[PDB]
$ cat data-v5.cif   # mmCIF, C-alpha atoms and all ligand atoms
data_target
#
loop_
_atom_site.label_atom_id
_atom_site.label_comp_id
_atom_site.auth_asym_id
_atom_site.auth_seq_id
_atom_site.Cartn_x
_atom_site.Cartn_y
_atom_site.Cartn_z
CA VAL U 3 -123.07 60.43 270.59
CA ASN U 4 -124.05 61.04 274.23
CA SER U 5 -126.85 59.99 276.58
CA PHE U 6 -128.74 63.31 276.69
CA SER U 7 -132.35 62.72 275.63
CA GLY U 8 -135.33 64.86 274.66
CA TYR U 9 -133.46 68.10 273.90
CA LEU U 10 -134.40 70.63 271.26
CA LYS U 11 -131.41 71.63 269.13
CA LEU U 12 -130.98 75.41 268.96
CA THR U 13 -127.62 75.62 267.16
CA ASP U 14 -124.69 73.45 266.16
CA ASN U 15 -123.64 73.08 269.82
CA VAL U 16 -126.48 74.30 272.10
CA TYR U 17 -129.44 72.12 273.15
CA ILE U 18 -132.35 72.95 275.49
CA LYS U 19 -134.93 70.98 277.51
CA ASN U 20 -137.64 71.72 280.07
CA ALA U 21 -136.15 69.76 282.95
CA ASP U 22 -135.10 69.83 286.59
CA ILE U 23 -131.29 69.96 286.40
CA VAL U 24 -131.07 67.87 289.57
CA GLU U 25 -133.14 65.07 288.05
CA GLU U 26 -131.31 65.42 284.72
CA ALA U 27 -127.94 65.06 286.47
CA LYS U 28 -129.08 62.02 288.46
CA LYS U 29 -130.21 60.33 285.23
CA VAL U 30 -127.34 61.21 282.88
CA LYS U 31 -124.47 61.44 285.39
CA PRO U 32 -122.70 63.83 283.00
CA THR U 33 -119.00 64.53 283.07
CA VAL U 34 -119.74 68.15 284.05
CA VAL U 35 -122.78 69.73 285.68
CA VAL U 36 -122.70 73.53 286.00
CA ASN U 37 -123.77 75.17 289.25
CA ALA U 38 -125.18 78.70 289.40
CA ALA U 39 -122.73 79.66 292.14
CA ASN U 40 -122.02 82.85 294.05
CA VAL U 41 -118.51 84.02 294.93
CA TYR U 42 -118.75 82.54 298.43
CA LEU U 43 -120.00 79.15 297.20
CA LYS U 44 -122.92 79.48 299.64
CA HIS U 45 -125.44 77.16 298.00
CA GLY U 46 -128.56 78.42 299.72
CA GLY U 47 -131.23 78.60 297.04
CA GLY U 48 -131.98 78.47 293.36
CA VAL U 49 -130.13 75.90 291.28
CA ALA U 50 -127.26 75.88 293.79
CA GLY U 51 -129.47 75.16 296.79
CA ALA U 52 -131.19 72.37 294.88
CA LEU U 53 -127.97 70.73 293.67
CA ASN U 54 -126.44 70.95 297.13
CA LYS U 55 -129.53 69.39 298.75
CA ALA U 56 -129.29 66.49 296.29
CA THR U 57 -125.71 65.85 297.54
CA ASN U 58 -126.87 65.69 301.17
CA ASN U 59 -124.83 68.90 301.83
CA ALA U 60 -121.54 67.30 300.69
CA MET U 61 -121.21 70.00 298.01
CA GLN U 62 -121.41 72.69 300.72
CA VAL U 63 -118.83 70.95 302.94
CA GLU U 64 -116.39 70.67 300.02
CA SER U 65 -117.10 74.28 299.01
CA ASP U 66 -116.43 75.62 302.51
CA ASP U 67 -112.99 73.98 302.48
CA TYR U 68 -112.33 75.43 299.00
CA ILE U 69 -113.16 78.97 300.18
CA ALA U 70 -111.16 78.60 303.39
CA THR U 71 -108.11 77.73 301.26
CA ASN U 72 -108.57 79.98 298.21
CA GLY U 73 -110.92 82.81 299.13
CA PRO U 74 -113.94 83.88 297.10
CA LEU U 75 -114.33 83.48 293.36
CA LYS U 76 -114.62 86.45 291.01
CA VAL U 77 -117.93 87.42 289.45
CA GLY U 78 -117.56 85.89 285.99
CA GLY U 79 -115.19 83.22 287.33
CA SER U 80 -115.43 79.54 288.14
CA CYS U 81 -113.85 76.58 289.86
CA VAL U 82 -114.01 72.83 289.26
CA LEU U 83 -115.01 70.71 292.25
CA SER U 84 -116.48 67.24 292.71
CA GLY U 85 -119.80 66.35 291.13
CA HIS U 86 -120.59 64.08 294.11
CA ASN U 87 -123.52 61.75 293.26
CA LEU U 88 -124.68 63.98 290.37
CA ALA U 89 -121.77 64.13 287.90
CA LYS U 90 -118.05 63.51 287.69
CA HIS U 91 -117.32 67.22 288.18
CA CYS U 92 -119.25 70.33 289.12
CA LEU U 93 -118.18 73.55 287.41
CA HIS U 94 -119.26 76.30 289.82
CA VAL U 95 -119.75 79.41 287.65
CA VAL U 96 -120.58 82.86 289.02
CA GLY U 97 -122.81 84.89 286.77
CA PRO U 98 -123.64 88.47 287.77
CA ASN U 99 -126.53 88.80 290.22
CA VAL U 100 -128.65 91.74 289.06
CA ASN U 101 -130.33 91.83 292.47
CA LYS U 102 -126.87 92.75 293.84
CA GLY U 103 -126.16 95.41 291.19
CA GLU U 104 -123.51 93.39 289.34
CA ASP U 105 -122.54 94.24 285.78
CA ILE U 106 -124.55 92.16 283.29
CA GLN U 107 -121.60 92.46 280.87
CA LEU U 108 -119.86 89.90 283.11
CA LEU U 109 -122.35 87.29 281.86
CA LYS U 110 -120.24 86.70 278.74
CA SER U 111 -117.14 86.16 280.90
CA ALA U 112 -119.11 83.67 282.99
CA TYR U 113 -120.15 81.66 279.93
CA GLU U 114 -116.55 81.61 278.63
CA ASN U 115 -115.75 79.17 281.45
CA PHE U 116 -117.90 76.57 279.65
CA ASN U 117 -115.39 76.52 276.75
CA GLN U 118 -112.88 74.66 278.92
CA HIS U 119 -115.16 71.57 278.87
CA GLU U 120 -116.18 69.55 275.82
CA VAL U 121 -119.73 68.77 277.06
CA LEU U 122 -121.76 70.25 279.92
CA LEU U 123 -125.19 70.06 281.53
CA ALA U 124 -126.07 73.57 282.65
CA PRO U 125 -128.69 76.08 283.75
CA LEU U 126 -129.04 79.51 282.20
CA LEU U 127 -126.51 81.73 283.96
CA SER U 128 -127.85 84.71 285.92
CA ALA U 129 -131.46 83.52 285.42
CA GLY U 130 -133.90 82.83 288.24
CA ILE U 131 -132.94 84.46 291.53
CA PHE U 132 -129.89 86.13 289.94
CA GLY U 133 -132.37 88.51 288.31
CA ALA U 134 -131.22 88.71 284.67
CA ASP U 135 -133.47 88.33 281.63
CA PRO U 136 -133.32 84.61 280.67
CA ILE U 137 -133.88 85.42 276.98
CA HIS U 138 -130.73 87.54 277.16
CA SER U 139 -128.85 84.79 279.00
CA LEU U 140 -129.72 82.30 276.25
CA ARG U 141 -128.50 84.73 273.57
CA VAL U 142 -125.18 85.25 275.37
CA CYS U 143 -124.83 81.49 275.81
CA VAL U 144 -125.35 80.81 272.09
CA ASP U 145 -122.96 83.62 271.10
CA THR U 146 -120.22 82.66 273.61
CA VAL U 147 -120.15 78.91 274.24
CA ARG U 148 -118.52 76.84 271.49
CA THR U 149 -118.49 73.49 273.30
CA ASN U 150 -121.56 71.27 273.57
CA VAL U 151 -124.00 72.58 276.16
CA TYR U 152 -127.26 70.95 277.27
CA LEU U 153 -129.41 73.59 278.96
CA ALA U 154 -132.01 72.55 281.54
CA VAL U 155 -134.82 75.07 282.09
CA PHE U 156 -136.91 74.21 285.16
CA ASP U 157 -139.94 76.41 284.42
CA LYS U 158 -142.07 75.00 281.60
CA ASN U 159 -143.64 78.38 280.87
CA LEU U 160 -140.18 79.94 280.59
CA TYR U 161 -138.94 77.08 278.41
CA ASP U 162 -141.74 77.65 275.89
CA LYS U 163 -141.03 81.39 275.70
CA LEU U 164 -137.29 80.84 275.21
CA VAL U 165 -137.96 78.45 272.32
CA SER U 166 -140.67 80.53 270.65
CA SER U 167 -138.60 83.74 270.77
CA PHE U 168 -135.27 82.20 269.73
CA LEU U 169 -133.63 83.82 266.73
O1 LIG U 201 -133.69 77.50 284.77
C1 LIG U 201 -133.61 78.68 285.52
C2 LIG U 201 -132.73 78.49 286.81
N1 LIG U 201 -133.16 77.53 287.84
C3 LIG U 201 -133.08 76.14 287.72
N2 LIG U 201 -132.75 75.63 286.49
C4 LIG U 201 -132.67 74.27 286.36
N3 LIG U 201 -132.87 73.33 287.29
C5 LIG U 201 -133.19 73.85 288.52
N4 LIG U 201 -133.44 73.10 289.65
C6 LIG U 201 -133.73 73.98 290.68
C7 LIG U 201 -133.66 75.28 290.21
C8 LIG U 201 -133.32 75.24 288.82
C9 LIG U 201 -132.97 79.71 284.58
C10 LIG U 201 -133.80 79.97 283.34
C11 LIG U 201 -135.23 80.43 283.71
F1 LIG U 201 -135.21 81.66 284.30
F2 LIG U 201 -135.96 80.62 282.59
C12 LIG U 201 -135.90 79.42 284.67
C13 LIG U 201 -135.02 79.18 285.88
CL CL U 202 -133.36 80.00 290.16
#

$ encode --input "data-v5.cif" --output "structure tokens" --more "lines below"
Ligand SMILES: OC1(CNc2ncnc3[nH]ccc23)CCC(F)(F)CC1
Ligand SMILES: [Cl-]
Amino acid sequence: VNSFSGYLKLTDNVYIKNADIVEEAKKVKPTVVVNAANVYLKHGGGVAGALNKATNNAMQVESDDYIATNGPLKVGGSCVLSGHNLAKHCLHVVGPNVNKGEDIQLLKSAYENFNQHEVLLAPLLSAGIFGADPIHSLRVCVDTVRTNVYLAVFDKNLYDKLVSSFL
């Protein structure tokens, strides 16, 4: 039993809610919140810009030190950093950005990172400003993640379409 509330159950391990992931994180304070990161951990917009803003830019400061030490992530890769005031940990995961020409096949590799964590609050990888089809992202999530994932979908219209079209 966990403190996630109001989710629709899609499968044994995947749950979905129309919610602002920032507000969800502030309420639940989950062990792991997933960020929709890029390889440079530049949290300018989308989910990443919103999460960083909620940390008063502390996420960006920590991320800049991480990159200065380790260099960029791989597309499909991840790193674990602090969750600041939002969660114990933030798992920064890089899905492919279609608006950069990146291979959508890397989306499965990106979701595999979730399997290293028993429970996660997460957005749909490569959705929004990363330019992939969110219906596809949900399918890859369900077919790849085996741990317990609570998906927050900001757009109510998109949430309804994802539910109604789910196989
Ligand atoms: O949810 C999407 C990503 N964007 C966010 N998700 C959750 N919380 C957020 N807070 C700020 C941005 C943001 C991905 C699926 C979609 F394409 F259907 C709607 C957008
Ligand atoms: Cl977005």

$ closest_atom_pairs --input "data-v5.cif" --of "chain U" --to "ligand CL 202 (chain U)" --cutoff "12 Å" --atoms "only C-alpha atoms and all ligand atoms" --output "Markdown table"
| residue | atom | partner | partner_atom | distance |
| --- | --- | --- | --- | --- |
| U:22 | CA | U:CL202 | CL | 10.9 |
| U:23 | CA | U:CL202 | CL | 10.9 |
| U:37 | CA | U:CL202 | CL | 10.8 |
| U:38 | CA | U:CL202 | CL | 8.3 |
| U:39 | CA | U:CL202 | CL | 10.8 |
| U:45 | CA | U:CL202 | CL | 11.5 |
| U:46 | CA | U:CL202 | CL | 10.8 |
| U:47 | CA | U:CL202 | CL | 7.3 |
| U:48 | CA | U:CL202 | CL | 3.8 |
| U:49 | CA | U:CL202 | CL | 5.3 |
| U:50 | CA | U:CL202 | CL | 8.2 |
| U:51 | CA | U:CL202 | CL | 9.1 |
| U:52 | CA | U:CL202 | CL | 9.2 |
| U:53 | CA | U:CL202 | CL | 11.3 |
| U:99 | CA | U:CL202 | CL | 11.1 |
| U:125 | CA | U:CL202 | CL | 8.8 |
| U:126 | CA | U:CL202 | CL | 9.1 |
| U:127 | CA | U:CL202 | CL | 9.4 |
| U:128 | CA | U:CL202 | CL | 8.4 |
| U:129 | CA | U:CL202 | CL | 6.2 |
| U:130 | CA | U:CL202 | CL | 3.5 |
| U:131 | CA | U:CL202 | CL | 4.7 |
| U:132 | CA | U:CL202 | CL | 7.0 |
| U:133 | CA | U:CL202 | CL | 8.8 |
| U:134 | CA | U:CL202 | CL | 10.5 |
| U:135 | CA | U:CL202 | CL | 11.9 |
| U:136 | CA | U:CL202 | CL | 10.6 |
| U:154 | CA | U:CL202 | CL | 11.5 |
| U:155 | CA | U:CL202 | CL | 9.6 |
| U:156 | CA | U:CL202 | CL | 8.4 |
| U:157 | CA | U:CL202 | CL | 9.4 |
| U:160 | CA | U:CL202 | CL | 11.8 |

$ closest_residue --input "data-v5.cif" --among "U:72, U:5, U:20, U:13" --to "ligand LIG 201 (chain U)" --atoms "all atoms listed in the file"
U:20

$ closest_residue --input "data-v5.cif" --among "U:148, U:138, U:119, U:76" --to "ligand LIG 201 (chain U)" --atoms "only C-alpha atoms and all ligand atoms"
U:138

$ closest_residue --input "data-v5.cif" --among "U:16, U:83, U:24, U:70" --to "ligand LIG 201 (chain U)" --atoms "only C-alpha atoms and all ligand atoms"
U:24

$ atom_distance --input "data-v5.cif" --atom1 "atom CA of residue U:167" --atom2 "atom CA of residue U:118"
28.5 Å

$ closest_residue --input "data-v5.cif" --among "U:150, U:111, U:54, U:80" --to "ligand LIG 201 (chain U)" --atoms "all atoms listed in the file"
U:54

$ residues_around --input "data-v5.cif" --residues "residue U:69" --least-positions-apart "5" --cutoff "9 Å" --atoms "only C-alpha atoms" --output "ChimeraX atom specification"
/U:42-43,64,74-75

$ closest_residue --input "data-v5.cif" --among "U:112, U:18, U:123, U:169" --to "residue U:98" --atoms "all atoms listed in the file"
U:112

$ atom_distance --input "data-v5.cif" --atom1 "atom CA of residue U:146" --atom2 "atom CA of residue U:110"
6.5 Å

$ atom_distance --input "data-v5.cif" --atom1 "atom CA of residue U:15" --atom2 "atom CA of residue U:151"
6.4 Å

$ closest_residue --input "data-v5.cif" --among "U:19, U:141, U:55, U:91" --to "residue U:158" --atoms "all atoms listed in the file"
U:19

$ axis_aligned_box --input "data-v5.cif" --around "ligand LIG 201 (chain U)" --padding-each-side "8 Å" --output "lines of an AutoDock Vina configuration file"
center_x = -134.3
center_y = 77.4
center_z = 286.6
size_x = 19.3
size_y = 24.6
size_z = 24.1

$ residues_around --input "data-v5.cif" --residues "residue U:29" --least-positions-apart "2" --cutoff "10 Å" --atoms "only C-alpha atoms" --output "list in words"
residues 5, 6, 23, 24, 25, 26, 27, 31, 32, 88 and 89 of chain U

$ residues_around --input "data-v5.cif" --residues "residue U:149" --least-positions-apart "2" --cutoff "6 Å" --atoms "all atoms listed in the file" --output "PyMOL selection string"
chain U and resi 117+120+147
